[PDB]
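For reference, upload_20.cif is printed below; it contains mmCIF, C-alpha atoms.
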```cif
data_structure
loop_
_atom_site.label_atom_id
_atom_site.label_comp_id
_atom_site.auth_asym_id
_atom_site.auth_seq_id
_atom_site.Cartn_x
_atom_site.Cartn_y
_atom_site.Cartn_z
CA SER A 1 11.95 28.64 19.95
CA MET A 2 10.47 25.13 19.63
CA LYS A 3 11.54 23.10 22.70
CA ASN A 4 9.37 20.06 21.85
CA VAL A 5 7.58 18.73 18.74
CA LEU A 6 5.25 15.83 17.86
CA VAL A 7 4.67 14.65 14.27
CA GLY A 8 1.54 12.59 13.47
CA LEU A 9 1.12 10.43 10.34
CA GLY A 10 -2.29 8.78 9.76
CA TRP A 11 -3.96 7.11 6.76
CA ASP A 12 -6.92 4.82 5.98
CA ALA A 13 -6.00 1.35 4.66
CA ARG A 14 -8.11 0.02 1.76
CA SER A 15 -9.77 -3.15 3.12
CA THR A 16 -10.70 -5.58 0.32
CA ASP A 17 -8.63 -8.78 0.64
CA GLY A 18 -6.37 -8.15 3.67
CA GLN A 19 -4.25 -5.62 1.74
CA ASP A 20 -2.99 -2.44 3.45
CA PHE A 21 -0.63 0.49 2.77
CA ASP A 22 2.33 1.32 5.07
CA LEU A 23 4.20 4.64 4.73
CA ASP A 24 7.70 4.94 6.30
CA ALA A 25 7.90 7.94 8.68
CA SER A 26 11.40 8.70 10.04
CA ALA A 27 13.60 11.62 11.17
CA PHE A 28 16.81 12.58 9.31
CA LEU A 29 19.72 13.92 11.41
CA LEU A 30 22.30 16.37 9.99
CA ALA A 31 25.31 18.04 11.63
CA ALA A 32 26.17 21.72 11.01
CA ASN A 33 29.15 20.58 8.90
CA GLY A 34 26.80 19.89 5.95
CA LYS A 35 27.45 16.13 6.31
CA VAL A 36 25.05 13.67 7.92
CA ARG A 37 26.05 12.95 11.53
CA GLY A 38 25.34 9.38 10.39
CA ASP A 39 26.03 7.87 6.95
CA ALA A 40 22.43 6.62 7.35
CA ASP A 41 20.65 9.90 8.21
CA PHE A 42 17.66 7.50 8.32
CA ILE A 43 16.55 6.11 11.72
CA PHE A 44 13.50 3.82 11.96
CA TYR A 45 12.26 0.61 13.65
CA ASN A 46 15.91 -0.51 13.59
CA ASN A 47 16.16 2.11 16.37
CA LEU A 48 13.45 2.48 19.05
CA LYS A 49 14.74 6.06 19.32
CA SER A 50 17.63 8.29 18.20
CA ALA A 51 20.76 8.10 20.38
CA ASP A 52 21.75 11.80 20.11
CA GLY A 53 18.73 12.98 18.06
CA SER A 54 16.50 12.97 21.17
CA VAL A 55 13.81 11.70 18.74
CA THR A 56 11.59 8.72 19.67
CA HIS A 57 8.87 6.76 17.81
CA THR A 58 5.67 6.27 19.85
CA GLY A 59 4.47 3.16 17.98
CA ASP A 60 5.36 2.13 14.41
CA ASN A 61 2.17 0.66 12.91
CA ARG A 62 1.99 -1.34 9.65
CA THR A 63 -1.52 -0.67 8.25
CA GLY A 64 -2.90 2.59 9.70
CA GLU A 65 -6.31 0.89 9.98
CA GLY A 66 -8.41 3.56 11.73
CA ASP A 67 -9.28 7.24 11.21
CA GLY A 68 -6.73 9.56 12.87
CA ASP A 69 -3.02 10.04 13.64
CA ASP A 70 -1.93 6.39 13.29
CA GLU A 71 1.82 6.74 14.00
CA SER A 72 3.41 9.40 16.23
CA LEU A 73 7.00 10.69 16.67
CA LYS A 74 7.92 12.46 19.94
CA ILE A 75 10.90 14.87 19.87
CA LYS A 76 12.77 16.76 22.62
CA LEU A 77 15.19 19.35 21.19
CA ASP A 78 15.78 20.84 24.66
CA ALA A 79 17.80 17.60 25.11
CA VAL A 80 19.87 17.82 21.88
CA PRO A 81 23.53 18.86 22.65
CA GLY A 82 25.44 21.14 20.24
CA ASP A 83 26.51 18.04 18.28
CA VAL A 84 23.38 17.94 16.08
CA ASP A 85 22.24 21.19 14.39
CA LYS A 86 19.54 20.04 11.92
CA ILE A 87 16.61 17.61 12.40
CA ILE A 88 13.96 17.25 9.64
CA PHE A 89 11.06 14.77 9.36
CA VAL A 90 10.44 12.51 6.35
CA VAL A 91 7.67 10.24 5.00
CA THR A 92 8.10 7.94 1.95
CA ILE A 93 6.53 4.79 0.49
CA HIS A 94 7.97 1.40 1.58
CA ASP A 95 6.33 -1.42 -0.43
CA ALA A 96 6.90 0.91 -3.42
CA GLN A 97 10.11 -1.09 -3.88
CA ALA A 98 8.12 -4.07 -5.22
CA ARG A 99 4.78 -2.35 -6.06
CA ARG A 100 6.11 1.18 -6.77
CA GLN A 101 2.89 2.77 -5.42
CA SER A 102 2.47 6.51 -4.74
CA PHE A 103 0.88 8.02 -1.60
CA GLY A 104 -2.24 8.43 -3.78
CA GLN A 105 -2.50 4.62 -4.01
CA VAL A 106 -3.82 5.05 -0.45
CA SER A 107 -7.38 6.19 0.34
CA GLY A 108 -5.96 9.53 1.57
CA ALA A 109 -2.96 9.64 3.93
CA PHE A 110 -2.12 12.81 5.91
CA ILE A 111 0.86 14.18 7.89
CA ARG A 112 0.56 16.42 11.00
CA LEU A 113 2.94 18.59 13.08
CA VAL A 114 2.28 20.23 16.50
CA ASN A 115 4.69 21.91 18.91
CA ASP A 116 4.48 19.50 21.86
CA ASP A 117 6.07 22.35 23.84
CA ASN A 118 3.15 24.84 23.83
CA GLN A 119 0.76 23.02 21.47
CA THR A 120 1.18 25.69 18.76
CA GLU A 121 2.13 24.22 15.35
CA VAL A 122 -0.73 22.41 13.54
CA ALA A 123 -0.12 21.84 9.79
CA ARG A 124 -0.58 18.85 7.44
CA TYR A 125 0.52 18.22 3.83
CA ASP A 126 -2.03 17.11 1.20
CA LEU A 127 -0.81 13.78 -0.20
CA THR A 128 -4.03 12.98 -2.11
CA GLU A 129 -2.97 15.97 -4.26
CA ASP A 130 0.86 15.90 -4.12
CA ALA A 131 0.67 12.09 -4.24
CA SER A 132 1.29 12.25 -8.00
CA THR A 133 4.33 14.45 -7.20
CA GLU A 134 6.60 11.58 -6.04
CA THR A 135 6.93 8.59 -3.65
CA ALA A 136 9.33 10.21 -1.15
CA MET A 137 9.35 13.78 0.21
CA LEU A 138 10.25 15.74 3.38
CA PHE A 139 7.35 17.35 5.28
CA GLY A 140 9.37 20.28 6.71
CA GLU A 141 12.77 21.21 8.22
CA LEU A 142 14.21 22.26 11.61
CA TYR A 143 17.51 24.07 12.37
CA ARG A 144 19.25 26.15 15.07
CA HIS A 145 19.19 29.98 14.85
CA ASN A 146 19.84 32.56 17.60
CA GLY A 147 20.84 29.74 19.98
CA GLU A 148 17.20 28.56 19.67
CA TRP A 149 15.56 25.93 17.43
CA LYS A 150 13.46 27.20 14.49
CA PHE A 151 11.05 25.28 12.21
CA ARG A 152 10.76 26.17 8.51
CA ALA A 153 8.71 24.20 5.95
CA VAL A 154 10.45 23.59 2.58
CA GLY A 155 8.29 21.07 0.69
CA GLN A 156 10.89 19.35 -1.53
CA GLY A 157 10.08 15.99 -3.17
CA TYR A 158 12.90 13.72 -4.41
CA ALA A 159 12.65 10.51 -6.48
CA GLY A 160 16.13 9.51 -5.28
CA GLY A 161 15.11 6.45 -3.22
CA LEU A 162 14.05 5.84 0.41
CA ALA A 163 17.28 3.81 0.61
CA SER A 164 19.42 6.41 -1.21
CA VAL A 165 17.99 9.56 0.43
CA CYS A 166 19.51 7.96 3.54
CA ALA A 167 23.20 8.05 2.59
CA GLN A 168 22.62 10.56 -0.25
CA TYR A 169 22.65 13.42 2.28
CA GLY A 170 26.09 12.19 3.42
CA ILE A 171 27.68 11.32 0.06
CA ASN A 172 28.13 14.84 -1.37
CA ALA A 173 28.47 14.52 -5.16
CA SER A 174 31.11 17.07 -6.23
#
```
Conversion result in C-alpha coordinates:
Amino acid sequence: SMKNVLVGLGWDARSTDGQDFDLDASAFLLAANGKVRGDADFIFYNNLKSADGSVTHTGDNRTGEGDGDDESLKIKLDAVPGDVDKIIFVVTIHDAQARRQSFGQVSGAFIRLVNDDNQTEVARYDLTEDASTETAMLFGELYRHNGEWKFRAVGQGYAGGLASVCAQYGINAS
(Lines of atoms letter the chains of each structure in order from A and count residues from 1; the text may use other names and numbers.)
(Lines give C-alpha, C1' and ligand atoms only; values in the text may rest on other atoms or scores of the structure.)
Protein backbone atom coordinates (compact mmCIF):
# COMPACT_ATOMS: atom_id res chain seq x y z
CA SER A 1 0.00 0.00 0.00
CA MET A 2 2.97 2.33 -0.57
CA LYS A 3 1.73 5.40 -2.49
CA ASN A 4 5.04 7.31 -2.24
CA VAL A 5 8.68 6.43 -1.47
CA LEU A 6 12.00 8.28 -1.01
CA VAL A 7 15.39 6.53 -1.19
CA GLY A 8 18.44 8.23 0.39
CA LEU A 9 22.08 7.34 -0.44
CA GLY A 10 24.84 9.05 1.60
CA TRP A 11 28.56 8.40 2.09
CA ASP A 12 31.67 10.18 3.42
CA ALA A 13 34.36 10.93 0.80
CA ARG A 14 37.98 10.31 1.85
CA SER A 15 39.68 13.73 1.64
CA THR A 16 43.45 13.43 1.11
CA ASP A 17 44.40 14.83 -2.32
CA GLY A 18 41.07 15.90 -3.86
CA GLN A 19 39.97 12.27 -4.38
CA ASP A 20 36.35 11.24 -3.77
CA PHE A 21 34.06 8.20 -4.27
CA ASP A 22 30.82 8.39 -6.31
CA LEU A 23 28.25 5.56 -6.19
CA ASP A 24 25.63 5.34 -8.98
CA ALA A 25 22.08 5.25 -7.55
CA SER A 26 19.31 4.60 -10.11
CA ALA A 27 15.86 2.97 -10.44
CA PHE A 28 15.26 -0.06 -12.71
CA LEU A 29 11.86 -0.30 -14.46
CA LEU A 30 10.29 -3.67 -15.41
CA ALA A 31 6.96 -4.47 -17.08
CA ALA A 32 4.76 -7.38 -15.90
CA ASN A 33 5.73 -9.29 -19.07
CA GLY A 34 9.08 -10.24 -17.48
CA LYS A 35 10.91 -8.00 -19.99
CA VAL A 36 12.29 -4.55 -19.20
CA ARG A 37 9.89 -1.82 -20.36
CA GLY A 38 13.15 -0.32 -21.64
CA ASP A 39 16.16 -2.19 -23.08
CA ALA A 40 18.08 0.07 -20.66
CA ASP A 41 16.16 -0.62 -17.41
CA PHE A 42 18.75 1.90 -16.11
CA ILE A 43 17.74 5.59 -15.83
CA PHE A 44 20.20 8.16 -14.41
CA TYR A 45 21.53 11.70 -15.00
CA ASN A 46 20.82 11.06 -18.70
CA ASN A 47 17.22 11.48 -17.50
CA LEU A 48 16.24 14.16 -14.95
CA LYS A 49 13.32 11.82 -14.17
CA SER A 50 11.57 8.69 -15.49
CA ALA A 51 8.97 9.33 -18.23
CA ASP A 52 6.48 6.63 -17.14
CA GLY A 53 8.32 5.47 -13.99
CA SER A 54 7.10 8.52 -12.04
CA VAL A 55 10.58 8.41 -10.45
CA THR A 56 12.68 11.59 -10.09
CA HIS A 57 16.22 12.31 -8.82
CA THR A 58 16.40 15.20 -6.32
CA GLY A 59 20.07 16.06 -6.95
CA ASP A 60 22.79 13.74 -8.31
CA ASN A 61 25.97 14.60 -6.38
CA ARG A 62 29.49 13.43 -7.33
CA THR A 63 31.41 13.22 -4.02
CA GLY A 64 28.95 12.84 -1.12
CA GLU A 65 31.15 15.22 0.91
CA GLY A 66 29.14 15.65 4.13
CA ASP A 67 27.55 13.41 6.79
CA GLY A 68 23.99 12.40 5.85
CA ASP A 69 21.70 11.41 2.95
CA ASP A 70 23.77 12.92 0.11
CA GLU A 71 21.60 11.95 -2.89
CA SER A 72 17.81 11.48 -2.82
CA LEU A 73 15.30 9.82 -5.21
CA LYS A 74 11.62 10.87 -5.00
CA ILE A 75 9.00 8.37 -6.29
CA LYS A 76 5.23 8.65 -6.84
CA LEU A 77 3.64 5.25 -7.59
CA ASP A 78 0.13 6.72 -7.25
CA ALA A 79 1.04 8.26 -10.65
CA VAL A 80 2.27 5.04 -12.36
CA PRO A 81 -0.32 3.74 -14.93
CA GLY A 82 -0.86 -0.02 -15.42
CA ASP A 83 1.98 -0.01 -17.97
CA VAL A 84 4.76 -0.49 -15.40
CA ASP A 85 4.34 -3.24 -12.76
CA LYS A 86 7.80 -3.45 -11.10
CA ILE A 87 10.13 -0.67 -9.86
CA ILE A 88 13.27 -1.57 -7.85
CA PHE A 89 16.14 0.66 -6.67
CA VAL A 90 19.83 -0.01 -7.37
CA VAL A 91 23.24 1.28 -6.22
CA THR A 92 26.56 0.24 -7.84
CA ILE A 93 30.13 1.56 -8.17
CA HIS A 94 30.92 3.85 -11.14
CA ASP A 95 34.68 4.59 -11.25
CA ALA A 96 35.04 0.84 -10.58
CA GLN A 97 35.33 0.57 -14.38
CA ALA A 98 38.87 2.01 -14.25
CA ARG A 99 39.68 1.53 -10.52
CA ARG A 100 37.46 -1.51 -9.83
CA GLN A 101 36.83 -0.35 -6.23
CA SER A 102 34.21 -1.89 -3.91
CA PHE A 103 31.77 0.07 -1.71
CA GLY A 104 34.22 -0.70 1.13
CA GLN A 105 36.84 1.45 -0.64
CA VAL A 106 34.68 4.27 0.77
CA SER A 107 34.83 5.40 4.42
CA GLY A 108 31.37 3.86 4.97
CA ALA A 109 28.52 4.50 2.51
CA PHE A 110 24.88 3.81 3.49
CA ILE A 111 21.52 3.44 1.70
CA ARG A 112 18.13 4.51 3.18
CA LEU A 113 14.44 3.95 2.32
CA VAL A 114 11.36 5.72 3.80
CA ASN A 115 7.74 5.67 2.67
CA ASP A 116 7.31 9.33 1.64
CA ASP A 117 3.57 8.56 1.81
CA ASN A 118 3.18 8.09 5.59
CA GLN A 119 6.85 8.25 6.64
CA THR A 120 6.88 4.55 7.62
CA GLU A 121 9.73 2.59 5.98
CA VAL A 122 13.20 3.30 7.45
CA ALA A 123 15.87 0.67 6.57
CA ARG A 124 19.49 0.86 5.36
CA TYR A 125 21.90 -1.80 4.02
CA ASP A 126 25.38 -2.20 5.57
CA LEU A 127 27.92 -1.70 2.76
CA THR A 128 30.97 -1.53 5.06
CA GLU A 129 30.17 -5.22 5.68
CA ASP A 130 28.60 -6.39 2.38
CA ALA A 131 31.12 -4.18 0.55
CA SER A 132 33.32 -7.25 0.04
CA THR A 133 30.23 -8.99 -1.39
CA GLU A 134 30.32 -7.24 -4.81
CA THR A 135 30.43 -3.85 -6.60
CA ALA A 136 26.78 -3.79 -7.76
CA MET A 137 23.63 -4.89 -5.89
CA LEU A 138 19.91 -4.02 -5.58
CA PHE A 139 18.76 -2.57 -2.23
CA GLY A 140 15.18 -3.93 -2.40
CA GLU A 141 12.25 -4.54 -4.78
CA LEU A 142 8.72 -3.15 -5.40
CA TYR A 143 5.78 -4.79 -7.26
CA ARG A 144 1.98 -4.62 -7.61
CA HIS A 145 -0.22 -7.01 -5.56
CA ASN A 146 -3.94 -6.73 -4.73
CA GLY A 147 -4.20 -3.67 -7.01
CA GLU A 148 -1.83 -1.96 -4.53
CA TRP A 149 1.96 -1.50 -4.54
CA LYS A 150 4.01 -3.68 -2.14
CA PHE A 151 7.69 -3.40 -1.13
CA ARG A 152 9.77 -6.54 -0.48
CA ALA A 153 13.53 -6.56 0.19
CA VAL A 154 15.51 -9.28 -1.66
CA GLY A 155 19.20 -8.44 -1.18
CA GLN A 156 20.76 -9.96 -4.33
CA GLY A 157 24.27 -8.91 -5.42
CA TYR A 158 25.41 -9.45 -9.03
CA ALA A 159 28.91 -9.01 -10.53
CA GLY A 160 27.34 -8.74 -14.00
CA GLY A 161 28.23 -5.08 -14.69
CA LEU A 162 26.57 -1.70 -14.03
CA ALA A 163 26.42 -1.47 -17.85
CA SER A 164 25.21 -5.06 -18.35
CA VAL A 165 22.70 -5.22 -15.46
CA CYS A 166 20.98 -2.51 -17.53
CA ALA A 167 20.12 -4.53 -20.65
CA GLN A 168 20.72 -7.89 -18.90
CA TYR A 169 17.22 -7.72 -17.38
CA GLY A 170 15.85 -7.34 -20.94
CA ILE A 171 18.05 -9.85 -22.81
CA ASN A 172 16.65 -13.11 -21.39
CA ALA A 173 19.30 -15.82 -21.91
CA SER A 174 17.40 -19.01 -22.84
Hits of the PyMOL selection byres ((chain A and resi 28) around 12) in this structure, as a PyMOL selection string = chain A and resi 25-27+29-31+35-44+50+52-55+84-91+137-143+162+165-170
Quick one: pull the distance between CA of residue 112 in chain A and CA of residue 9 in chain A, Å, one decimal.
->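 The value is 6.1 Å.
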Interatomic distance, CA of residue 46 in chain A to CA of residue 65 in chain A (Å, one decimal) |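 These two atoms are separated by 22.6 Å.
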Selection: 12 Å around residue 8 in chain A, all atoms listed in the file, excl. self and same-chain fewer than 3 positions, as an mmCIF file with C-alpha atoms, in the coordinates of the input:
```
data_model
loop_
_atom_site.group_PDB
_atom_site.id
_atom_site.type_symbol
_atom_site.label_atom_id
_atom_site.label_comp_id
_atom_site.auth_asym_id
_atom_site.auth_seq_id
_atom_site.Cartn_x
_atom_site.Cartn_y
_atom_site.Cartn_z
ATOM 1 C CA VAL A 5 7.580 18.730 18.740
ATOM 2 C CA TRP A 11 -3.960 7.110 6.760
ATOM 3 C CA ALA A 25 7.900 7.940 8.680
ATOM 4 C CA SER A 26 11.400 8.700 10.040
ATOM 5 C CA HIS A 57 8.870 6.760 17.810
ATOM 6 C CA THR A 58 5.670 6.270 19.850
ATOM 7 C CA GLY A 59 4.470 3.160 17.980
ATOM 8 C CA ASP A 60 5.360 2.130 14.410
ATOM 9 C CA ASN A 61 2.170 0.660 12.910
ATOM 10 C CA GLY A 64 -2.900 2.590 9.700
ATOM 11 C CA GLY A 68 -6.730 9.560 12.870
ATOM 12 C CA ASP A 69 -3.020 10.040 13.640
ATOM 13 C CA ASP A 70 -1.930 6.390 13.290
ATOM 14 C CA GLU A 71 1.820 6.740 14.000
ATOM 15 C CA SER A 72 3.410 9.400 16.230
ATOM 16 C CA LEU A 73 7.000 10.690 16.670
ATOM 17 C CA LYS A 74 7.920 12.460 19.940
ATOM 18 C CA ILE A 75 10.900 14.870 19.870
ATOM 19 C CA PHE A 89 11.060 14.770 9.360
ATOM 20 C CA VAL A 90 10.440 12.510 6.350
ATOM 21 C CA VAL A 91 7.670 10.240 5.000
ATOM 22 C CA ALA A 109 -2.960 9.640 3.930
ATOM 23 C CA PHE A 110 -2.120 12.810 5.910
ATOM 24 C CA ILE A 111 0.860 14.180 7.890
ATOM 25 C CA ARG A 112 0.560 16.420 11.000
ATOM 26 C CA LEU A 113 2.940 18.590 13.080
ATOM 27 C CA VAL A 114 2.280 20.230 16.500
ATOM 28 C CA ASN A 115 4.690 21.910 18.910
ATOM 29 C CA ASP A 116 4.480 19.500 21.860
ATOM 30 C CA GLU A 121 2.130 24.220 15.350
ATOM 31 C CA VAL A 122 -0.730 22.410 13.540
ATOM 32 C CA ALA A 123 -0.120 21.840 9.790
ATOM 33 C CA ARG A 124 -0.580 18.850 7.440
ATOM 34 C CA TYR A 125 0.520 18.220 3.830
ATOM 35 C CA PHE A 139 7.350 17.350 5.280
#
```
So what does the PyMOL selection byres ((chain A and resi 82) around 10) actually pick up in this one, as an NGL selection string?
-> :A and (31-32 or 79-81 or 83-85 or 144 or 147)
At what distance in Å, to one decimal, does CA of residue 150 in chain A lie from CA of residue 128 in chain A?
->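 Here the two named atoms are 28.0 Å from each other.
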Incomplete range 130-162 of chain A brought to N, CA and C atoms, written out as a short mmCIF file (atom, residue, chain, number, x, y, z; two decimals), in the coordinates of the input:
```
data_model
loop_
_atom_site.label_atom_id
_atom_site.label_comp_id
_atom_site.auth_asym_id
_atom_site.auth_seq_id
_atom_site.Cartn_x
_atom_site.Cartn_y
_atom_site.Cartn_z
N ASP A 130 -0.59 16.00 -3.76
CA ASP A 130 0.86 15.90 -4.12
C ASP A 130 1.26 14.43 -4.29
N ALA A 131 0.34 13.53 -4.09
CA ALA A 131 0.67 12.09 -4.24
C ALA A 131 1.31 11.86 -5.61
N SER A 132 0.74 12.44 -6.63
CA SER A 132 1.29 12.25 -8.00
C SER A 132 2.60 13.03 -8.15
N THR A 133 3.06 13.66 -7.10
CA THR A 133 4.33 14.45 -7.20
C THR A 133 5.54 13.53 -7.04
N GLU A 134 5.44 12.51 -6.22
CA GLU A 134 6.60 11.58 -6.04
C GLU A 134 6.21 10.43 -5.10
N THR A 135 7.19 9.72 -4.59
CA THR A 135 6.93 8.59 -3.65
C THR A 135 7.72 8.84 -2.37
N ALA A 136 8.53 9.87 -2.36
CA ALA A 136 9.33 10.21 -1.15
C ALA A 136 9.46 11.73 -1.07
N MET A 137 9.28 12.30 0.09
CA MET A 137 9.35 13.78 0.21
C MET A 137 9.47 14.18 1.68
N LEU A 138 10.11 15.29 1.96
CA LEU A 138 10.25 15.74 3.38
C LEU A 138 9.09 16.67 3.74
N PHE A 139 8.50 16.49 4.89
CA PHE A 139 7.35 17.35 5.28
C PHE A 139 7.85 18.77 5.59
N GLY A 140 8.87 18.91 6.39
CA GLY A 140 9.37 20.28 6.71
C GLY A 140 10.86 20.23 7.07
N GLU A 141 11.32 21.19 7.83
CA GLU A 141 12.77 21.21 8.22
C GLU A 141 12.91 21.90 9.58
N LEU A 142 13.99 21.63 10.28
CA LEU A 142 14.21 22.26 11.61
C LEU A 142 15.71 22.57 11.75
N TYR A 143 16.06 23.74 12.24
CA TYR A 143 17.51 24.07 12.37
C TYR A 143 17.72 25.05 13.54
N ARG A 144 18.95 25.22 13.95
CA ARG A 144 19.25 26.15 15.07
C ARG A 144 19.43 27.57 14.53
N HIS A 145 19.05 28.56 15.30
CA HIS A 145 19.19 29.98 14.85
C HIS A 145 19.89 30.79 15.94
N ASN A 146 19.21 31.74 16.52
CA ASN A 146 19.84 32.56 17.60
C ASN A 146 19.98 31.71 18.86
N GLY A 147 20.67 30.61 18.78
CA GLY A 147 20.84 29.74 19.98
C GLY A 147 19.52 29.05 20.30
N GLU A 148 18.54 29.20 19.44
CA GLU A 148 17.20 28.56 19.67
C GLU A 148 16.81 27.76 18.43
N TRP A 149 15.99 26.75 18.60
CA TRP A 149 15.56 25.93 17.43
C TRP A 149 14.53 26.71 16.62
N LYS A 150 14.45 26.46 15.34
CA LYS A 150 13.46 27.20 14.49
C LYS A 150 12.94 26.27 13.38
N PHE A 151 11.65 26.16 13.26
CA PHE A 151 11.05 25.28 12.21
C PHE A 151 10.84 26.09 10.93
N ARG A 152 10.95 25.45 9.80
CA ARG A 152 10.76 26.17 8.51
C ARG A 152 10.38 25.16 7.42
N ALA A 153 9.14 25.16 7.00
CA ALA A 153 8.71 24.20 5.95
C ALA A 153 9.52 24.44 4.67
N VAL A 154 9.68 23.43 3.85
CA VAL A 154 10.45 23.59 2.58
C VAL A 154 9.71 22.88 1.45
N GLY A 155 9.04 21.80 1.75
CA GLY A 155 8.29 21.07 0.69
C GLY A 155 9.23 20.79 -0.48
N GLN A 156 9.95 19.71 -0.42
CA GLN A 156 10.89 19.35 -1.53
C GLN A 156 10.83 17.84 -1.79
N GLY A 157 10.18 17.44 -2.85
CA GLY A 157 10.08 15.99 -3.17
C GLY A 157 11.36 15.52 -3.86
N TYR A 158 11.66 14.25 -3.76
CA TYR A 158 12.90 13.72 -4.41
C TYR A 158 12.67 12.25 -4.79
N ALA A 159 12.85 11.92 -6.04
CA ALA A 159 12.65 10.51 -6.48
C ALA A 159 13.93 9.71 -6.28
N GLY A 160 14.85 10.24 -5.52
CA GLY A 160 16.13 9.51 -5.28
C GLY A 160 15.83 8.06 -4.88
N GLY A 161 15.42 7.84 -3.66
CA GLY A 161 15.11 6.45 -3.22
C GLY A 161 15.14 6.40 -1.69
N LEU A 162 14.08 5.92 -1.08
CA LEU A 162 14.05 5.84 0.41
C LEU A 162 15.36 5.26 0.93
#
```
